[PDB]
Protein chains: 4
Amino acid sequence: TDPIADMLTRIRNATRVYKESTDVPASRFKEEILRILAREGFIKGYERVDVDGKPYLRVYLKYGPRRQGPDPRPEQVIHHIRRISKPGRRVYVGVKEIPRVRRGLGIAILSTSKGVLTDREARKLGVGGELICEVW
Amino acid sequence: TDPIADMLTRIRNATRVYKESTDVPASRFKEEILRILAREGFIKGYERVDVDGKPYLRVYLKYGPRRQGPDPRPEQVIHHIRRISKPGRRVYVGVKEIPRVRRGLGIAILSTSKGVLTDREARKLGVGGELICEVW
Amino acid sequence: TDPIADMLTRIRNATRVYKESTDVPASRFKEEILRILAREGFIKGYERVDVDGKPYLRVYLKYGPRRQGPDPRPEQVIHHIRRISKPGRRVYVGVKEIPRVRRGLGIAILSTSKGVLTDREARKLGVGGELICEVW
Amino acid sequence: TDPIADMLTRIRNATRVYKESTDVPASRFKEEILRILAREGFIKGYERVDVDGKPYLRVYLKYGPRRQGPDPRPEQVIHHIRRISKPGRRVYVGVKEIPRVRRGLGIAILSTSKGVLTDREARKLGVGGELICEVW
């Protein structure tokens, strides 16, 4: 199972059908990836939610401006969200090797020794780690 | 203002963002067109909902099966809905001039003496009336 | 392999990305299903095409009117195209059992003793057969 | 008329119907903005094409990877493009007032003394200019 891929699919799929929110099973590691998506503007925010004893994390999805002429659909904010490292085929990179995602117009989340950081943060703290996902 | 075309545009636009329901200011006539739209399968149903004294009609939109392959969007049931008889540009058809919409694979909804009728109902009752809208 | 499903997927997939045409490997049976899709308005037409010795059938896709406000995308004509009968799980129906597809607002193609016919034709010639697909 | 916004709208609309190319009436300036759009990856390229004496620019649109699961639509590369400085509503920014578009994950394209420059190029050359459009 890859929980993290399963969260990111649950998120991308809820935006594709313009939902206000989506609940993924709670975890500290998922909570910190949500903590970065929220600070960087890809989601509105999240909130812990216990539904009949089980912990969930309720993600509040964000949508951008109305489209340029009578088309009701908002412009999306998460255009591409995707796993890199994973179950069976892991990807690690060191401080010198952190890629600039989509020419600087995208962010990559890394799990590093100093915690879950964006590639721009990682580089600054001088850490490398596991490339969890890329998003723009 | 055109009443009826607000309601049709608001049903069209709710479905294009996969909304569970949309509310239209209530009216005997609006109830009629929804009574017909729901029965020919294009909406789930409606409830007259008064929200704050003012009557509303809570249209419960219908969507079909998910698509073939991981595409999260349901397939739609309302694929086309448009007002034909505008105000100041009224269209009336007398029975033999009731048109066949989309080769016979769409409905027209008439307003007639015999009530509010779908095109085959108007032909069967032999009535003529004003052409409200077409939907397929 | 199910050639017929593979044609219908090739067609549905080309409309989803607004292509002018698509070439499926030629066959008499595929040519007659195209002959009905064309007469009923779901495609513009088709044309036989030999490309380096191999026979193909080039389908010319049809699109409906511009959308109701600055959205460039035409309104589609084939909304739903799908196999019923198939490899491994076949479906036959007799003259009395031919379903009305989508309440009369859709067509079903049947392979019958009197050839490939629509359900409306089949019923008229008094034949039943194999439900190849439904489309609206 | 606004020239530039015709070109931007025609690139936007071509991609929304997955067109391989779109032609815009040629111009030194249009060449400049395309020179920049192609180099930051948002279009494949262009060819000045004269079609019938009148010069045209044949923009070759770029689209990314197909999506995850049988969804035939490629993912887009141009997700947002809009004219900021209109005619009769001109916007000029002097270097320190050059904005950061979409948190730093989008580009602005300036017209300046030092040529046609993307926002970081204008900050690096320390130039100011008029704000043509934003794209991410």
# chains A, B, ... in the order shown; residues from 1 in each chain; ligands from 1
>>> select_by_dssp(residues="segment 9-126 of chain D", states="strand (DSSP E or B)", output="PyMOL selection string")
chain D and resi 21-25+43-50+55-61+63-66+74-76+81-83+86+89+92-93+107-112+115-118
>>> residues_around(residues="residue 109 of chain A", least_positions_apart="4", cutoff="6 Å", atoms="only C-alpha atoms", output="VMD selection string")
chain A and resid 117 to 118 132 to 133
>>> write_last_selection(atoms="N, CA, C and O atoms", output="mmCIF file, in the first residue's frame")
data_model
loop_
_atom_site.group_PDB
_atom_site.id
_atom_site.type_symbol
_atom_site.label_atom_id
_atom_site.label_comp_id
_atom_site.auth_asym_id
_atom_site.auth_seq_id
_atom_site.Cartn_x
_atom_site.Cartn_y
_atom_site.Cartn_z
ATOM 1 N N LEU A 117 10.338 19.105 4.082
ATOM 2 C CA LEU A 117 10.801 20.403 3.633
ATOM 3 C C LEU A 117 10.511 20.493 2.155
ATOM 4 O O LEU A 117 10.341 19.431 1.565
ATOM 5 N N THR A 118 10.464 21.679 1.519
ATOM 6 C CA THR A 118 10.335 21.802 0.070
ATOM 7 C C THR A 118 11.724 21.754 -0.423
ATOM 8 O O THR A 118 12.615 22.015 0.363
ATOM 9 N N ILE A 132 9.576 12.829 -2.019
ATOM 10 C CA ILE A 132 8.212 12.291 -1.874
ATOM 11 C C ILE A 132 7.347 12.612 -3.125
ATOM 12 O O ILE A 132 6.821 11.707 -3.814
ATOM 13 N N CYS A 133 7.198 13.862 -3.567
ATOM 14 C CA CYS A 133 6.301 14.146 -4.699
ATOM 15 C C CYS A 133 6.651 15.436 -5.430
ATOM 16 O O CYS A 133 7.541 16.155 -4.961
#
>>> calpha_fit_and_write(fixed="chain B", moving="chain D", output="compact mmCIF listing (two decimals) with N, CA and C atoms, in the first residue's frame")
# COMPACT_ATOMS: atom_id res chain seq x y z
N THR D 1 -35.78 40.65 -17.19
CA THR D 1 -35.29 39.46 -16.53
C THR D 1 -35.88 38.32 -17.36
N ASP D 2 -35.28 37.12 -17.42
CA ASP D 2 -36.05 35.98 -17.86
C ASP D 2 -35.76 35.01 -16.76
N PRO D 3 -36.71 34.87 -15.87
CA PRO D 3 -36.92 33.71 -15.05
C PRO D 3 -36.51 32.31 -15.48
N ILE D 4 -37.27 31.73 -16.40
CA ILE D 4 -37.01 30.39 -16.90
C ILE D 4 -35.56 30.21 -17.33
N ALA D 5 -34.97 31.11 -18.09
CA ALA D 5 -33.60 30.90 -18.51
C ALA D 5 -32.60 31.06 -17.39
N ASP D 6 -32.98 31.60 -16.25
CA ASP D 6 -32.07 31.67 -15.13
C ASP D 6 -32.05 30.26 -14.60
N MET D 7 -33.22 29.67 -14.38
CA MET D 7 -33.32 28.33 -13.86
C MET D 7 -32.57 27.32 -14.72
N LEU D 8 -32.72 27.39 -16.04
CA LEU D 8 -32.03 26.45 -16.90
C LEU D 8 -30.53 26.68 -16.81
N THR D 9 -30.07 27.91 -16.90
CA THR D 9 -28.64 28.16 -16.77
C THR D 9 -28.09 27.70 -15.42
N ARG D 10 -28.83 27.85 -14.34
CA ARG D 10 -28.39 27.41 -13.04
C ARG D 10 -28.38 25.89 -12.88
N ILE D 11 -29.19 25.16 -13.63
CA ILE D 11 -29.13 23.71 -13.57
C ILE D 11 -27.90 23.30 -14.40
N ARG D 12 -27.71 23.82 -15.61
CA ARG D 12 -26.57 23.58 -16.48
C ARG D 12 -25.29 23.82 -15.71
N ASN D 13 -25.06 25.03 -15.26
CA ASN D 13 -23.88 25.33 -14.46
C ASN D 13 -23.64 24.54 -13.18
N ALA D 14 -24.68 24.01 -12.49
CA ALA D 14 -24.45 23.27 -11.26
C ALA D 14 -23.83 21.97 -11.68
N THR D 15 -24.40 21.33 -12.71
CA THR D 15 -23.88 20.06 -13.13
C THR D 15 -22.48 20.20 -13.68
N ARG D 16 -22.14 21.31 -14.33
CA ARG D 16 -20.81 21.37 -14.89
C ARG D 16 -19.79 21.44 -13.77
N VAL D 17 -20.17 21.75 -12.53
CA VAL D 17 -19.21 21.60 -11.46
C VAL D 17 -19.62 20.51 -10.45
N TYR D 18 -20.35 19.50 -10.96
CA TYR D 18 -20.74 18.33 -10.22
C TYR D 18 -21.34 18.65 -8.86
N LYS D 19 -22.30 19.61 -8.81
CA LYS D 19 -22.97 19.98 -7.57
C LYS D 19 -24.05 18.96 -7.22
N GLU D 20 -24.33 18.67 -5.94
CA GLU D 20 -25.31 17.68 -5.52
C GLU D 20 -26.69 18.32 -5.70
N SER D 21 -26.86 19.64 -5.48
CA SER D 21 -28.12 20.37 -5.64
C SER D 21 -27.90 21.84 -6.01
N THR D 22 -28.92 22.55 -6.51
CA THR D 22 -28.88 23.97 -6.85
C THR D 22 -30.28 24.50 -6.55
N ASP D 23 -30.39 25.73 -6.06
CA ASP D 23 -31.70 26.26 -5.72
C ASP D 23 -32.14 27.39 -6.63
N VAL D 24 -33.39 27.26 -7.04
CA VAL D 24 -34.03 28.22 -7.91
C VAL D 24 -35.26 28.75 -7.15
N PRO D 25 -35.49 30.09 -7.02
CA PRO D 25 -36.74 30.70 -6.60
C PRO D 25 -37.98 30.00 -7.16
N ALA D 26 -38.82 29.51 -6.26
CA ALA D 26 -39.97 28.69 -6.60
C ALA D 26 -41.02 29.35 -7.49
N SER D 27 -41.94 28.59 -8.10
CA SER D 27 -42.96 29.14 -9.00
C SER D 27 -43.78 27.96 -9.48
N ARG D 28 -45.08 28.10 -9.73
CA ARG D 28 -45.91 27.00 -10.22
C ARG D 28 -45.34 26.38 -11.49
N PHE D 29 -44.89 27.27 -12.38
CA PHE D 29 -44.38 26.93 -13.70
C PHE D 29 -43.07 26.19 -13.55
N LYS D 30 -42.16 26.71 -12.71
CA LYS D 30 -40.88 26.08 -12.47
C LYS D 30 -41.10 24.67 -11.94
N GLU D 31 -42.10 24.50 -11.07
CA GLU D 31 -42.47 23.19 -10.62
C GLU D 31 -42.88 22.33 -11.77
N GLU D 32 -43.58 22.89 -12.73
CA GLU D 32 -44.01 22.12 -13.88
C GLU D 32 -42.82 21.65 -14.68
N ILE D 33 -41.88 22.54 -14.99
CA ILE D 33 -40.78 22.15 -15.86
C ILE D 33 -39.94 21.14 -15.09
N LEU D 34 -39.62 21.36 -13.81
CA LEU D 34 -38.93 20.34 -13.05
C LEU D 34 -39.71 19.03 -12.97
N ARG D 35 -41.02 19.02 -12.76
CA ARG D 35 -41.87 17.82 -12.73
C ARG D 35 -41.59 17.01 -14.00
N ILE D 36 -41.56 17.67 -15.16
CA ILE D 36 -41.25 17.02 -16.42
C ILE D 36 -39.77 16.62 -16.45
N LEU D 37 -38.76 17.49 -16.17
CA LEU D 37 -37.33 17.17 -16.25
C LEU D 37 -36.96 15.95 -15.40
N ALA D 38 -37.49 15.85 -14.17
CA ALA D 38 -37.23 14.74 -13.27
C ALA D 38 -37.87 13.47 -13.86
N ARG D 39 -39.09 13.54 -14.39
CA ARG D 39 -39.74 12.33 -14.85
C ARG D 39 -39.12 11.79 -16.11
N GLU D 40 -38.50 12.61 -16.94
CA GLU D 40 -37.86 12.07 -18.12
C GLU D 40 -36.42 11.73 -17.78
N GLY D 41 -36.09 11.71 -16.48
CA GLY D 41 -34.81 11.31 -15.94
C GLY D 41 -33.72 12.39 -15.86
N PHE D 42 -33.85 13.66 -16.27
CA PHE D 42 -32.72 14.58 -16.27
C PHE D 42 -32.34 15.19 -14.94
N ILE D 43 -33.14 15.08 -13.87
CA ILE D 43 -32.76 15.52 -12.51
C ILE D 43 -33.29 14.44 -11.60
N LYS D 44 -32.73 14.34 -10.40
CA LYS D 44 -33.14 13.39 -9.37
C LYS D 44 -34.53 13.74 -8.91
N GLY D 45 -34.68 15.02 -8.51
CA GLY D 45 -35.95 15.55 -8.05
C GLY D 45 -35.78 16.94 -7.49
N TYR D 46 -36.81 17.40 -6.82
CA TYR D 46 -36.80 18.70 -6.21
C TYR D 46 -37.64 18.64 -4.95
N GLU D 47 -37.41 19.61 -4.10
CA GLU D 47 -38.19 19.80 -2.91
C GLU D 47 -38.45 21.29 -3.00
N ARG D 48 -39.68 21.73 -2.75
CA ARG D 48 -39.92 23.15 -2.55
C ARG D 48 -39.19 23.41 -1.21
N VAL D 49 -38.26 24.34 -1.07
CA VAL D 49 -37.59 24.59 0.18
C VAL D 49 -37.84 26.05 0.41
N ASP D 50 -38.46 26.48 1.49
CA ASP D 50 -38.55 27.91 1.72
C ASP D 50 -37.26 28.23 2.44
N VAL D 51 -36.42 29.15 1.97
CA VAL D 51 -35.31 29.51 2.81
C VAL D 51 -35.43 31.02 2.86
N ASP D 52 -35.81 31.24 4.12
CA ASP D 52 -36.15 32.50 4.74
C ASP D 52 -37.35 33.20 4.13
N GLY D 53 -38.46 32.48 4.26
CA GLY D 53 -39.76 32.98 3.84
C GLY D 53 -39.96 32.80 2.35
N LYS D 54 -38.98 33.31 1.58
CA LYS D 54 -38.92 33.19 0.13
C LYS D 54 -38.87 31.72 -0.25
N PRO D 55 -39.79 31.19 -1.08
CA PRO D 55 -39.76 29.81 -1.57
C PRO D 55 -38.68 29.59 -2.62
N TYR D 56 -38.06 28.44 -2.49
CA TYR D 56 -37.00 28.00 -3.35
C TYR D 56 -37.38 26.60 -3.75
N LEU D 57 -36.71 26.09 -4.77
CA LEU D 57 -36.91 24.77 -5.29
C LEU D 57 -35.49 24.26 -5.28
N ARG D 58 -35.34 23.14 -4.59
CA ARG D 58 -34.05 22.49 -4.42
C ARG D 58 -34.06 21.33 -5.37
N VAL D 59 -33.40 21.59 -6.50
CA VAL D 59 -33.24 20.66 -7.60
C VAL D 59 -32.14 19.71 -7.15
N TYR D 60 -32.31 18.41 -7.29
CA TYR D 60 -31.30 17.47 -6.87
C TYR D 60 -30.81 16.92 -8.17
N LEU D 61 -29.59 17.28 -8.53
CA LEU D 61 -29.07 16.91 -9.82
C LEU D 61 -28.68 15.44 -9.92
N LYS D 62 -28.84 14.93 -11.15
CA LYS D 62 -28.52 13.56 -11.47
C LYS D 62 -27.31 13.49 -12.40
N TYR D 63 -26.45 12.53 -12.04
CA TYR D 63 -25.22 12.23 -12.79
C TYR D 63 -25.12 10.73 -13.00
N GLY D 64 -24.60 10.30 -14.13
CA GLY D 64 -24.49 8.89 -14.40
C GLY D 64 -23.18 8.27 -13.90
N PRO D 65 -22.78 7.17 -14.58
CA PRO D 65 -21.77 6.22 -14.11
C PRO D 65 -20.40 6.83 -14.26
N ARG D 66 -19.40 6.45 -13.48
CA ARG D 66 -18.08 7.02 -13.70
C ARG D 66 -17.63 6.50 -15.04
N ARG D 67 -16.59 7.14 -15.51
CA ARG D 67 -16.12 6.84 -16.84
C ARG D 67 -15.15 5.65 -16.81
N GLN D 68 -14.82 5.21 -18.01
CA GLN D 68 -13.97 4.03 -18.24
C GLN D 68 -12.49 4.40 -18.16
N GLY D 69 -11.92 3.99 -17.04
CA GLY D 69 -10.52 4.26 -16.69
C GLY D 69 -10.50 5.32 -15.59
N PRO D 70 -9.46 5.42 -14.75
CA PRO D 70 -9.44 6.41 -13.68
C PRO D 70 -9.56 7.86 -14.16
N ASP D 71 -10.81 8.21 -14.44
CA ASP D 71 -11.32 9.60 -14.72
C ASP D 71 -12.41 9.68 -13.67
N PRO D 72 -12.25 10.58 -12.70
CA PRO D 72 -13.14 10.63 -11.56
C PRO D 72 -14.50 11.25 -11.90
N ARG D 73 -14.62 11.96 -13.05
CA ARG D 73 -15.84 12.65 -13.37
C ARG D 73 -16.90 11.66 -13.77
N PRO D 74 -18.11 11.73 -13.22
CA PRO D 74 -19.24 10.99 -13.70
C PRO D 74 -19.51 11.59 -15.03
N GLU D 75 -20.21 10.74 -15.70
CA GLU D 75 -20.78 11.08 -16.95
C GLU D 75 -22.03 11.86 -16.54
N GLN D 76 -22.38 12.83 -17.35
CA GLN D 76 -23.55 13.66 -17.18
C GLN D 76 -24.85 13.10 -17.70
N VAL D 77 -25.95 13.58 -17.14
CA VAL D 77 -27.23 13.23 -17.75
C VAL D 77 -27.75 14.41 -18.56
N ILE D 78 -27.55 15.66 -18.12
CA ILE D 78 -28.02 16.84 -18.85
C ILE D 78 -26.83 17.15 -19.70
N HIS D 79 -26.97 16.97 -21.00
CA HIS D 79 -25.87 17.28 -21.87
C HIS D 79 -26.20 18.57 -22.60
N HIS D 80 -27.48 18.90 -22.84
CA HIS D 80 -27.84 20.14 -23.49
C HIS D 80 -29.17 20.67 -22.98
N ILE D 81 -29.31 21.94 -22.57
CA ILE D 81 -30.59 22.48 -22.16
C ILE D 81 -30.56 23.95 -22.58
N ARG D 82 -31.49 24.36 -23.45
CA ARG D 82 -31.59 25.76 -23.81
C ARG D 82 -32.99 26.20 -24.20
N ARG D 83 -33.28 27.37 -23.62
CA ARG D 83 -34.46 28.23 -23.75
C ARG D 83 -34.61 28.51 -25.23
N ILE D 84 -35.76 28.30 -25.84
CA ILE D 84 -35.88 28.65 -27.23
C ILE D 84 -36.72 29.94 -27.28
N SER D 85 -37.95 29.89 -26.78
CA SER D 85 -38.81 31.05 -26.74
C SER D 85 -38.27 32.00 -25.71
N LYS D 86 -37.62 33.06 -26.14
CA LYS D 86 -37.17 34.09 -25.23
C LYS D 86 -38.37 35.00 -25.00
N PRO D 87 -38.38 35.95 -24.07
CA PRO D 87 -39.29 37.07 -24.05
C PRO D 87 -38.99 38.12 -25.11
N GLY D 88 -39.97 38.68 -25.83
CA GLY D 88 -39.70 39.64 -26.90
C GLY D 88 -39.26 38.92 -28.17
N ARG D 89 -39.27 37.57 -28.14
CA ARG D 89 -38.89 36.67 -29.22
C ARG D 89 -39.45 35.29 -28.80
N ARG D 90 -40.78 35.26 -28.79
CA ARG D 90 -41.65 34.15 -28.38
C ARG D 90 -41.90 33.15 -29.47
N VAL D 91 -41.85 31.86 -29.20
CA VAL D 91 -42.11 30.95 -30.28
C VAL D 91 -43.24 30.05 -29.87
N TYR D 92 -44.19 29.97 -30.79
CA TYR D 92 -45.35 29.15 -30.57
C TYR D 92 -45.37 28.19 -31.74
N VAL D 93 -45.66 26.90 -31.55
CA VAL D 93 -45.78 25.92 -32.62
C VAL D 93 -47.16 25.28 -32.51
N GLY D 94 -47.87 25.18 -33.62
CA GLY D 94 -49.16 24.52 -33.58
C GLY D 94 -48.96 23.07 -33.97
N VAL D 95 -49.28 22.13 -33.08
CA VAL D 95 -49.17 20.67 -33.25
C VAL D 95 -48.37 19.99 -34.38
N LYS D 96 -48.66 20.24 -35.65
CA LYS D 96 -47.94 19.58 -36.72
C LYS D 96 -46.57 20.22 -36.91
N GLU D 97 -46.41 21.46 -36.42
CA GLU D 97 -45.14 22.16 -36.41
C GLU D 97 -44.36 21.92 -35.12
N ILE D 98 -44.78 21.01 -34.22
CA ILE D 98 -43.97 20.68 -33.05
C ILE D 98 -42.74 19.98 -33.64
N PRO D 99 -41.52 20.48 -33.42
CA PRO D 99 -40.32 19.86 -33.92
C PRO D 99 -39.90 18.63 -33.13
N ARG D 100 -39.05 17.88 -33.82
CA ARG D 100 -38.48 16.65 -33.31
C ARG D 100 -37.12 17.15 -32.89
N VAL D 101 -36.77 17.01 -31.62
CA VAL D 101 -35.46 17.50 -31.20
C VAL D 101 -34.41 16.39 -31.26
N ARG D 102 -33.27 16.76 -31.87
CA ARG D 102 -32.08 15.95 -32.07
C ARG D 102 -32.51 14.62 -32.66
N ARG D 103 -33.11 14.64 -33.85
CA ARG D 103 -33.53 13.44 -34.57
C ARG D 103 -34.57 12.60 -33.86
N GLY D 104 -34.94 12.90 -32.62
CA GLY D 104 -35.87 12.09 -31.84
C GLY D 104 -35.20 11.56 -30.55
N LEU D 105 -34.00 12.07 -30.26
CA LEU D 105 -33.16 11.62 -29.19
C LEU D 105 -32.92 12.80 -28.26
N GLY D 106 -33.91 13.65 -28.05
CA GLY D 106 -33.88 14.82 -27.19
C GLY D 106 -35.34 15.19 -26.96
N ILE D 107 -35.73 15.96 -25.94
CA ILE D 107 -37.11 16.38 -25.82
C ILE D 107 -37.26 17.88 -25.97
N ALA D 108 -38.39 18.35 -26.47
CA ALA D 108 -38.73 19.76 -26.35
C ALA D 108 -39.77 19.83 -25.23
N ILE D 109 -39.88 20.94 -24.49
CA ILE D 109 -40.92 21.09 -23.47
C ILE D 109 -41.80 22.28 -23.86
N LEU D 110 -43.08 22.04 -24.15
CA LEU D 110 -44.08 23.03 -24.55
C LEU D 110 -44.90 23.54 -23.38
N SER D 111 -45.44 24.74 -23.54
CA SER D 111 -46.40 25.25 -22.59
C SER D 111 -47.64 25.26 -23.46
N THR D 112 -48.72 24.63 -23.04
CA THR D 112 -49.93 24.59 -23.84
C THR D 112 -51.13 24.69 -22.90
N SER D 113 -52.27 24.69 -23.60
CA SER D 113 -53.61 24.72 -23.04
C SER D 113 -53.79 23.53 -22.12
N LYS D 114 -53.30 22.40 -22.62
CA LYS D 114 -53.36 21.15 -21.90
C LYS D 114 -52.23 21.00 -20.89
N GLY D 115 -51.65 22.09 -20.40
CA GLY D 115 -50.63 22.00 -19.39
C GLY D 115 -49.25 22.09 -20.01
N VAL D 116 -48.29 21.61 -19.23
CA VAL D 116 -46.90 21.70 -19.61
C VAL D 116 -46.59 20.29 -20.11
N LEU D 117 -46.12 20.20 -21.35
CA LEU D 117 -46.01 18.91 -21.98
C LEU D 117 -44.73 18.72 -22.72
N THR D 118 -44.21 17.50 -22.73
CA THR D 118 -43.02 17.23 -23.52
C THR D 118 -43.48 17.13 -24.95
N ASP D 119 -42.67 17.28 -25.98
CA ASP D 119 -43.18 17.21 -27.35
C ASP D 119 -44.06 16.02 -27.75
N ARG D 120 -43.82 14.77 -27.31
CA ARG D 120 -44.64 13.62 -27.72
C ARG D 120 -45.98 13.64 -27.01
N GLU D 121 -45.99 14.17 -25.80
CA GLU D 121 -47.18 14.31 -24.99
C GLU D 121 -48.00 15.34 -25.78
N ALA D 122 -47.45 16.49 -26.24
CA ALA D 122 -48.20 17.50 -26.99
C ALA D 122 -48.72 16.95 -28.28
N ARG D 123 -47.95 16.15 -29.00
CA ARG D 123 -48.45 15.51 -30.20
C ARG D 123 -49.56 14.51 -29.91
N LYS D 124 -49.45 13.74 -28.82
CA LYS D 124 -50.45 12.74 -28.45
C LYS D 124 -51.72 13.45 -28.02
N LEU D 125 -51.63 14.46 -27.16
CA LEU D 125 -52.79 15.26 -26.84
C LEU D 125 -53.13 16.14 -28.03
N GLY D 126 -52.40 16.08 -29.16
CA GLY D 126 -52.65 16.88 -30.33
C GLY D 126 -52.51 18.36 -30.01
N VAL D 127 -51.94 18.82 -28.89
CA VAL D 127 -51.87 20.26 -28.59
C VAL D 127 -50.71 20.96 -29.24
N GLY D 128 -50.86 22.27 -29.27
CA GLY D 128 -49.83 23.18 -29.70
C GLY D 128 -49.61 24.09 -28.48
N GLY D 129 -48.50 24.82 -28.51
CA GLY D 129 -48.12 25.70 -27.42
C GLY D 129 -46.87 26.50 -27.76
N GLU D 130 -46.24 27.08 -26.76
CA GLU D 130 -45.02 27.89 -26.90
C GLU D 130 -43.76 27.02 -26.71
N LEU D 131 -42.68 27.15 -27.47
CA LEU D 131 -41.55 26.29 -27.23
C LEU D 131 -40.59 26.80 -26.16
N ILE D 132 -40.76 26.36 -24.89
CA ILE D 132 -39.96 26.76 -23.71
C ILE D 132 -38.46 26.45 -23.88
N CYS D 133 -38.07 25.20 -24.05
CA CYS D 133 -36.67 24.83 -24.12
C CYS D 133 -36.57 23.45 -24.73
N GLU D 134 -35.34 23.09 -25.11
CA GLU D 134 -35.02 21.78 -25.64
C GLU D 134 -33.97 21.10 -24.74
N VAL D 135 -34.03 19.78 -24.50
CA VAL D 135 -33.07 19.12 -23.63
C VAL D 135 -32.88 17.67 -24.03
N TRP D 136 -31.58 17.37 -24.06
CA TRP D 136 -31.05 16.07 -24.36
C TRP D 136 -29.72 15.84 -23.61
>>> select_by_dssp(residues="segment 4-66 of chain B", states="helix (DSSP H, G or I)", output="NGL selection string")
:B and (4-16 or 28-39)
>>> write_last_selection(atoms="N, CA, C and O atoms", output="short mmCIF file (atom, residue, chain, number, x, y, z; two decimals), in the first residue's frame")
data_model
loop_
_atom_site.label_atom_id
_atom_site.label_comp_id
_atom_site.auth_asym_id
_atom_site.auth_seq_id
_atom_site.Cartn_x
_atom_site.Cartn_y
_atom_site.Cartn_z
N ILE B 4 -37.27 31.73 -16.40
CA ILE B 4 -37.01 30.39 -16.90
C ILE B 4 -35.56 30.21 -17.33
O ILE B 4 -34.92 29.27 -16.86
N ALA B 5 -34.97 31.11 -18.09
CA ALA B 5 -33.60 30.90 -18.51
C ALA B 5 -32.60 31.06 -17.39
O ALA B 5 -31.44 30.68 -17.54
N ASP B 6 -32.98 31.60 -16.25
CA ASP B 6 -32.07 31.67 -15.13
C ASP B 6 -32.05 30.26 -14.60
O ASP B 6 -30.98 29.66 -14.47
N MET B 7 -33.22 29.67 -14.38
CA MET B 7 -33.32 28.33 -13.86
C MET B 7 -32.57 27.32 -14.72
O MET B 7 -31.81 26.50 -14.19
N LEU B 8 -32.72 27.39 -16.04
CA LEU B 8 -32.03 26.45 -16.90
C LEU B 8 -30.53 26.68 -16.81
O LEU B 8 -29.76 25.74 -16.57
N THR B 9 -30.07 27.91 -16.90
CA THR B 9 -28.64 28.16 -16.77
C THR B 9 -28.09 27.70 -15.42
O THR B 9 -27.02 27.09 -15.36
N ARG B 10 -28.83 27.85 -14.34
CA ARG B 10 -28.39 27.41 -13.04
C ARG B 10 -28.38 25.89 -12.88
O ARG B 10 -27.63 25.34 -12.05
N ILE B 11 -29.19 25.16 -13.63
CA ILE B 11 -29.13 23.71 -13.57
C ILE B 11 -27.90 23.30 -14.40
O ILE B 11 -27.05 22.58 -13.88
N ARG B 12 -27.71 23.82 -15.61
CA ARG B 12 -26.57 23.58 -16.48
C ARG B 12 -25.29 23.82 -15.71
O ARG B 12 -24.49 22.92 -15.46
N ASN B 13 -25.06 25.03 -15.26
CA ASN B 13 -23.88 25.33 -14.46
C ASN B 13 -23.64 24.54 -13.18
O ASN B 13 -22.48 24.44 -12.77
N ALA B 14 -24.68 24.01 -12.49
CA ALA B 14 -24.45 23.27 -11.26
C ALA B 14 -23.83 21.97 -11.68
O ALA B 14 -22.82 21.58 -11.10
N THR B 15 -24.40 21.33 -12.71
CA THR B 15 -23.88 20.06 -13.13
C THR B 15 -22.48 20.20 -13.68
O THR B 15 -21.66 19.30 -13.47
N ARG B 16 -22.14 21.31 -14.33
CA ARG B 16 -20.81 21.37 -14.89
C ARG B 16 -19.79 21.44 -13.77
O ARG B 16 -18.61 21.20 -14.04
N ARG B 28 -45.08 28.10 -9.73
CA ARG B 28 -45.91 27.00 -10.22
C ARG B 28 -45.34 26.38 -11.49
O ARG B 28 -45.21 25.16 -11.65
N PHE B 29 -44.89 27.27 -12.38
CA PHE B 29 -44.38 26.93 -13.70
C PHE B 29 -43.07 26.19 -13.55
O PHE B 29 -42.89 25.14 -14.17
N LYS B 30 -42.16 26.71 -12.71
CA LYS B 30 -40.88 26.08 -12.47
C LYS B 30 -41.10 24.67 -11.94
O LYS B 30 -40.46 23.72 -12.42
N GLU B 31 -42.10 24.50 -11.07
CA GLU B 31 -42.47 23.19 -10.62
C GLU B 31 -42.88 22.33 -11.77
O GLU B 31 -42.52 21.17 -11.80
N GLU B 32 -43.58 22.89 -12.73
CA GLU B 32 -44.01 22.12 -13.88
C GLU B 32 -42.82 21.65 -14.68
O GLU B 32 -42.71 20.45 -14.96
N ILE B 33 -41.88 22.54 -14.99
CA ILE B 33 -40.78 22.15 -15.86
C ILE B 33 -39.94 21.14 -15.09
O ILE B 33 -39.64 20.07 -15.63
N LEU B 34 -39.62 21.36 -13.81
CA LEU B 34 -38.93 20.34 -13.05
C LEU B 34 -39.71 19.03 -12.97
O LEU B 34 -39.12 17.97 -13.14
N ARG B 35 -41.02 19.02 -12.76
CA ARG B 35 -41.87 17.82 -12.73
C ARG B 35 -41.59 17.01 -14.00
O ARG B 35 -41.32 15.81 -13.94
N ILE B 36 -41.56 17.67 -15.16
CA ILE B 36 -41.25 17.02 -16.42
C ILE B 36 -39.77 16.62 -16.45
O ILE B 36 -39.51 15.44 -16.73
N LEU B 37 -38.76 17.49 -16.17
CA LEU B 37 -37.33 17.17 -16.25
C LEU B 37 -36.96 15.95 -15.40
O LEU B 37 -36.21 15.07 -15.86
N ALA B 38 -37.49 15.85 -14.17
CA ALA B 38 -37.23 14.74 -13.27
C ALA B 38 -37.87 13.47 -13.86
O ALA B 38 -37.20 12.44 -13.97
N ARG B 39 -39.09 13.54 -14.39
CA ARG B 39 -39.74 12.33 -14.85
C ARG B 39 -39.12 11.79 -16.11
O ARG B 39 -39.17 10.59 -16.32
#
